[PDB]
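Participant: Right, I'll just put the structure down here and ask away after.
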Amino acid sequence: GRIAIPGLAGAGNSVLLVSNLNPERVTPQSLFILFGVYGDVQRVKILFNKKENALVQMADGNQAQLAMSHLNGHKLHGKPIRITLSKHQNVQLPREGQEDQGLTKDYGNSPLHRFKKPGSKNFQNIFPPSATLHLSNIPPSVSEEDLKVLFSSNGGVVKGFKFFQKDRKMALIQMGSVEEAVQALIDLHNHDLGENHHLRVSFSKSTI
RNA sequence: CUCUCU
RNA sequence: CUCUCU
């Protein structure tokens, strides 16, 4: 009789097979915002411009499971994303400053995101995609009237909005749909006014 | 000059 | 049509 495949037992891999995307319209940064709220990309391999495919490396297999749970089938920019638990474990990283520039993005020392093992404070603000938003790291350099233009730029129905007088880094906001709220996260998370002064974006725990 | 719930 | 194109 023929031989078997001993590598077929390869589960809990911490990588994701990320497939069926439109690489014409979704960047390593858009991926990084999404997968990095859910579970923290250490790397983003993209194969080439018409493979329609990527091979993501996340912090842990349970965090990869949660990212998959929110992103397998996701509606962004055109095509529905496809995902599975992969078969790999690491990516090689090409060179010191070549092709890692967009096709093997090193987030192992990210400029602005990280996670740890479960039970850390890092997990406290992960919420499922909802029409209601919770917004943070907001500088004195903007007001209510500016933040309306940010979320209106999405197209764009701002339902609701209350600034946080109690703790002035923050606001609560709401949109007319979940897809508006999702694309407002994809847009405005890390919209930079300065070196630490940028928008930070989650879905809400609670209502306005 | 760093993280996120009213 | 589902994975390392340096």
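Ordering of the structure tokens sets the chain letters (A, B, ...); residue numbers start at 1 within each chain; ligands are numbered from 1 in the order shown.
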Can you tell me which residues surround residue A:49 at a distance of at most 10 Å, considering only C-alpha atoms (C1' of nucleotides), apart from same-chain residues fewer than 5 positions away, and format the answer as number ranges by chain?

Facilitator: A: 22-24, 103; C: 5

Participant: For chain B, work out the contacting residues on chain A at 10 Å, counting only C-alpha atoms (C1' of nucleotides), and write them as JSON, numbers by chain.

Facilitator: {"A": [112, 113, 114, 121, 122, 123, 124, 125, 126, 133, 134, 135, 136, 137, 162, 163, 164, 165, 166, 167, 169, 170, 171, 172, 196, 197, 200, 201, 202, 203, 204, 205, 206, 207, 208]}

Participant: Store the residues of this selection in a file with N, CA, C and O atoms, as a compact mmCIF listing (two decimals), in the first residue's frame.

Facilitator:
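Result went into again_23.txt, see below:
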# COMPACT_ATOMS: atom_id res chain seq x y z
N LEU A 112 3.40 50.94 15.84
CA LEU A 112 2.22 51.36 16.61
C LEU A 112 1.28 50.27 17.17
O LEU A 112 0.37 50.60 17.93
N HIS A 113 1.46 48.98 16.83
CA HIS A 113 0.60 47.89 17.34
C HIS A 113 1.38 46.70 17.94
O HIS A 113 2.43 46.31 17.44
N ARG A 114 0.82 46.10 19.00
CA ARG A 114 1.27 44.80 19.55
C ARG A 114 0.17 44.15 20.40
O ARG A 114 -0.65 44.85 20.99
N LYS A 121 -4.44 43.20 29.56
CA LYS A 121 -5.25 44.41 29.31
C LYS A 121 -5.39 44.76 27.82
O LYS A 121 -6.34 45.43 27.43
N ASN A 122 -4.48 44.26 26.98
CA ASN A 122 -4.44 44.47 25.53
C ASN A 122 -5.74 44.03 24.81
O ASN A 122 -6.09 44.58 23.77
N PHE A 123 -6.45 43.04 25.36
CA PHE A 123 -7.68 42.44 24.80
C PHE A 123 -8.97 43.19 25.18
O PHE A 123 -10.03 42.92 24.60
N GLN A 124 -8.92 44.12 26.14
CA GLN A 124 -10.08 44.72 26.82
C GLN A 124 -11.05 45.48 25.89
O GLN A 124 -12.23 45.61 26.22
N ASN A 125 -10.58 45.95 24.74
CA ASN A 125 -11.34 46.77 23.78
C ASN A 125 -11.66 46.08 22.43
O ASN A 125 -12.20 46.75 21.54
N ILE A 126 -11.36 44.79 22.25
CA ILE A 126 -11.79 44.03 21.06
C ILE A 126 -13.31 43.82 21.09
O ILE A 126 -13.81 43.09 21.96
N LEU A 133 -19.20 52.85 17.48
CA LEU A 133 -17.75 53.02 17.55
C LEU A 133 -17.29 53.74 18.83
O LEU A 133 -17.95 54.65 19.35
N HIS A 134 -16.09 53.40 19.26
CA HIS A 134 -15.37 53.92 20.41
C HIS A 134 -13.96 54.32 19.99
O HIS A 134 -13.18 53.50 19.48
N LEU A 135 -13.64 55.59 20.18
CA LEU A 135 -12.55 56.27 19.50
C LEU A 135 -11.64 56.94 20.53
O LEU A 135 -12.11 57.53 21.51
N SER A 136 -10.33 56.85 20.30
CA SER A 136 -9.29 57.06 21.32
C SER A 136 -8.05 57.74 20.75
O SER A 136 -7.86 57.80 19.53
N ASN A 137 -7.18 58.23 21.65
CA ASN A 137 -5.90 58.89 21.35
C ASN A 137 -6.08 60.22 20.59
O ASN A 137 -5.13 60.79 20.05
N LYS A 162 -20.97 61.27 21.06
CA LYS A 162 -20.75 61.96 22.34
C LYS A 162 -19.25 61.99 22.70
O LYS A 162 -18.62 60.94 22.83
N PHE A 163 -18.66 63.18 22.83
CA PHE A 163 -17.30 63.32 23.37
C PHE A 163 -17.23 62.81 24.81
O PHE A 163 -18.20 62.87 25.56
N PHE A 164 -16.04 62.37 25.22
CA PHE A 164 -15.78 61.93 26.59
C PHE A 164 -15.19 63.07 27.43
O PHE A 164 -13.98 63.23 27.55
N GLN A 165 -16.08 63.85 28.06
CA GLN A 165 -15.74 64.88 29.06
C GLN A 165 -15.04 64.27 30.29
O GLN A 165 -14.11 64.87 30.83
N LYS A 166 -15.45 63.06 30.71
CA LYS A 166 -14.91 62.33 31.87
C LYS A 166 -13.41 62.02 31.75
O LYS A 166 -12.66 62.22 32.70
N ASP A 167 -12.97 61.58 30.57
CA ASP A 167 -11.57 61.23 30.25
C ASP A 167 -11.21 61.70 28.83
O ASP A 167 -11.43 60.99 27.84
N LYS A 169 -9.38 61.89 26.10
CA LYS A 169 -8.60 61.32 24.98
C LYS A 169 -9.53 60.71 23.93
O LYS A 169 -9.07 60.05 22.99
N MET A 170 -10.84 60.82 24.16
CA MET A 170 -11.83 59.86 23.74
C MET A 170 -13.14 60.50 23.26
O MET A 170 -13.49 61.64 23.58
N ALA A 171 -13.88 59.67 22.54
CA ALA A 171 -15.27 59.85 22.15
C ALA A 171 -15.98 58.51 21.87
O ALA A 171 -15.37 57.50 21.50
N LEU A 172 -17.31 58.55 21.96
CA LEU A 172 -18.26 57.57 21.43
C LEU A 172 -18.85 58.13 20.13
O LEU A 172 -19.17 59.32 20.07
N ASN A 196 2.70 60.98 17.61
CA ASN A 196 1.85 60.22 18.55
C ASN A 196 0.36 60.59 18.43
O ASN A 196 -0.51 59.79 18.78
N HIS A 197 0.06 61.79 17.92
CA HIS A 197 -1.28 62.31 17.68
C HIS A 197 -1.90 61.68 16.43
O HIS A 197 -1.78 62.20 15.32
N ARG A 200 -7.31 56.36 16.89
CA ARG A 200 -7.39 54.94 17.23
C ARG A 200 -8.86 54.55 17.41
O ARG A 200 -9.65 55.34 17.93
N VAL A 201 -9.22 53.38 16.90
CA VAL A 201 -10.61 53.03 16.54
C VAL A 201 -10.97 51.60 16.94
O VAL A 201 -10.38 50.64 16.45
N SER A 202 -12.01 51.47 17.76
CA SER A 202 -12.73 50.21 17.99
C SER A 202 -14.24 50.38 17.80
O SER A 202 -14.77 51.49 17.74
N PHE A 203 -14.93 49.25 17.72
CA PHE A 203 -16.37 49.08 17.94
C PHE A 203 -16.73 49.16 19.43
O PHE A 203 -15.90 48.85 20.30
N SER A 204 -17.96 49.58 19.74
CA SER A 204 -18.39 49.83 21.12
C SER A 204 -19.08 48.66 21.82
O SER A 204 -20.19 48.25 21.47
N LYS A 205 -18.47 48.27 22.94
CA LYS A 205 -19.12 47.89 24.22
C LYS A 205 -20.57 48.39 24.42
O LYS A 205 -21.42 47.58 24.80
N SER A 206 -20.86 49.69 24.25
CA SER A 206 -22.10 50.34 24.73
C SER A 206 -22.68 51.35 23.72
O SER A 206 -22.13 51.55 22.64
N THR A 207 -23.81 51.97 24.06
CA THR A 207 -24.57 52.91 23.21
C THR A 207 -24.43 54.37 23.65
O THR A 207 -23.87 54.69 24.71
N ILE A 208 -24.90 55.29 22.79
CA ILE A 208 -24.78 56.75 22.91
C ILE A 208 -25.85 57.27 23.89
O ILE A 208 -27.06 57.16 23.59

Participant: Which residues come within 9 Å of residue A:79, counting only C-alpha atoms (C1' of nucleotides), excluding same-chain residues fewer than 6 positions away, as a PyMOL selection string?

Facilitator: chain A and resi 20-22+73

Participant: If you run DSSP over the backbone, which residues in stretch 31-139 of chain A end up strand (DSSP E)? Put them as a PyMOL selection string.

Facilitator: chain A and resi 41-46+54-58+82-84+104-106+132-136

Participant: Quick one: pick out all alpha helix (DSSP H) residues within stretch 64-135 of chain A from a backbone DSSP run and write them as a list in words.

Facilitator: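 Going through stretch 64-135 of chain A, the alpha helix (DSSP H) residues come out as residues 64, 65, 66, 67, 68, 69, 70 and 71 of chain A.
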
Participant: Extract, using only C-alpha atoms (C1' of nucleotides), all DNA, RNA and protein residues at most 7 Å from stretch 147-157 of chain A, discarding same-chain residues fewer than 4 positions from it, and format them as a list in words.

Facilitator: residues 143, 175, 176, 180, 183 and 184 of chain A

Participant: I want to know what sits within 9 Å of residue A:67, based on only C-alpha atoms (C1' of nucleotides), with residues of the same chain fewer than 2 positions away left out; could you give that as a VMD selection string?

Facilitator: chain A and resid 34 to 40 62 to 65 69 to 72

Participant: Would you work out the distance separating atom CA of residue A:161 from atom CA of residue A:29, expressed in Å to one decimal?

Facilitator: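 Atom-to-atom, atom CA of residue A:161 and atom CA of residue A:29 are spaced 26.8 Å apart.
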